[PDB]
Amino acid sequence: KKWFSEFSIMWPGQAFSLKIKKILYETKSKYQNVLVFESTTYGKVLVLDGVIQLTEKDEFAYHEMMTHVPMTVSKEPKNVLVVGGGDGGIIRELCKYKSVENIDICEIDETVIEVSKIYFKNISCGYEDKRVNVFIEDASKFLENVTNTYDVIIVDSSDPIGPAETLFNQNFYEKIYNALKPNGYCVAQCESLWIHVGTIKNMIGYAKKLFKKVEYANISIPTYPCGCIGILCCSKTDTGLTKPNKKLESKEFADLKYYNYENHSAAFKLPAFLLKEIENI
């Protein structure tokens, strides 16, 4: 059997590999190279431009924290935007909230969406929900054009190399801020604390120039570089996102595999070296 390996200039000198049971699909779409394969131990794996986006074994860790962190802090969220997130993992978690009225998803690459519908049916199942509306568009342009404002915005992007190039700048957080309700929250995928604090520093800096409260949380997920990924958390009130306003006790949240009330707040308890680096921002 062969092995897939995740090399990148974004994490030089290290690489994570998964044994391949079989390659399921590959293509060059309008924007990126798409790879789907079945791994021997992590289930099916989605890859974009050589970077692991998810695996069936551990995606829940990432999708549950990215979603249920802002959604338990927002009191009655009605309209939620997902930026990127073509696989539908965030949507899957968003749909569990009966009180949500609309879920917009702006994903640049329709291939990702259709690939997920075909090969990742237990992840993309939320596309069947009547509240979900899909826009195939660069979120950079979508956010300039959108007339609605949102309670929660979840930025579930790929990395800064590729189409997500436009989602990691000062201009982009303006657009996020303006597209939010005056008491609105945004969470974004942010680097690993273990590999580039510089990037994390830059993001927090862009966010703090508009947002009253900017926090950073960490998620354990084995198939992202360094075994973890951060959540750039953005609030318009000084109350922030570290503390949930509700508990997910209805039958829809019975299946949660990572998120709970306690680990919500825990995710915000960062290694000493990290706290130190971000303090004078």
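One rule holds for the numbers: they count along the sequence shown, beginning at 1.
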>> Quick check: 236 to 244 versus 66 to 74, which has the larger average CA B-factor in the record?
In response: 236 to 244
> Do the CA atoms of 3 to 11 or those of 272 to 280 have the higher mean B-factor in the entry?
Replying inline: 272 to 280
> Based on the PDB record, which member of 113, 83, 210, 91 exhibits the highest Cα temperature factor?
Replying inline: 210
> Which is it among 249, 38, 58, 49: the one with the largest CA B-factor in the entry?
Replying inline: 249
>> Please place residue 217 in the lowest, middle or highest third of its chain according to the CA B-factor in the PDB entry.
In response: middle
> Lowest, middle or highest third of the chain for the C-alpha temperature factor of residue 228?
Replying inline: lowest
> Which third, lowest, middle or highest, does the CA B-factor of residue 195 fall in along this chain?
Replying inline: highest
>> Can you tell me whether residue 261 has a C-alpha B-factor in the lowest, middle or highest third compared with the other modelled residues of the same chain?
In response: highest
> Looking at the C-alpha B-factor of residue 174, is it in the lowest, middle or highest third of its chain?
Replying inline: highest
